[PDB]
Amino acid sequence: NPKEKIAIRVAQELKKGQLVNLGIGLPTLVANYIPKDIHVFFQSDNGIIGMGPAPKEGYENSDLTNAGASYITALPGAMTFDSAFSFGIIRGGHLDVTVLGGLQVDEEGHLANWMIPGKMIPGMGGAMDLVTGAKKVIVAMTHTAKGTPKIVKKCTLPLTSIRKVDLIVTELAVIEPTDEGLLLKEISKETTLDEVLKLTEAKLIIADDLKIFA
């Protein structure tokens, strides 16, 4: 449910005709909740524009996967390409949105999402290129790590990028980083403002128009 809560609210941010890259894991659930009237185009780092859902059994192709090597389909009008062209789309500003997972986000909007020193070293993959390059970065992450706030004053985990992310969506809150700090825009119907504040170590500016939603 908390992961569904995040994916549904993130999906509402997507606009018709956008090129969108969903990180592996939680962000991928976003594809299950696009409104019927919104057609977007999905891009994957392994080299495809026009990614589609997993194939029905028997319809797999060994050469056609997502960035986790799981089998996908390609939609009509898809284009496949080499990895330099892939990161030219990403680093060169042609990707409208990327939704990425998160370990921490801080008061400057900096995301840490690729390494936990001493515990988990998978490498960064495309993450630093995507955060640096996407026209809009949305972080999709559970609000805490078994109680520890993940929205902190200054990241203690290694940064993915010094780029300021455009939106944070958790199961409790929607926060927009701004030049003044983190602007809390919305809170979950199932939480309270006092709980969000108790569970957020970073300073939050509170919007005049705070909405309920996700």
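Start at 1 and count along the sequence shown; that's the residue number.
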property: Greater mean Cα temperature factor according to the PDB record, 57-65 or 172-180; result: 172-180
property: Between 12-20 and 191-199 (mean CA B-factor, as deposited), the higher; result: 191-199
property: Selection by C-alpha B-factor (highest) of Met124, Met120, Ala74, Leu100; result: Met120
property: Third of the chain's Cα B-factor distribution that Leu111 belongs to, per the entry; result: middle
property: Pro27 - which third its CA temperature factor falls in, relative to the rest of the chain; result: middle
property: Position of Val165 among the chain's modelled residues by C-alpha B-factor, lowest, middle or highest third; result: middle
property: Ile48 - Cα temperature factor, lowest/middle/highest third of chain; result: lowest
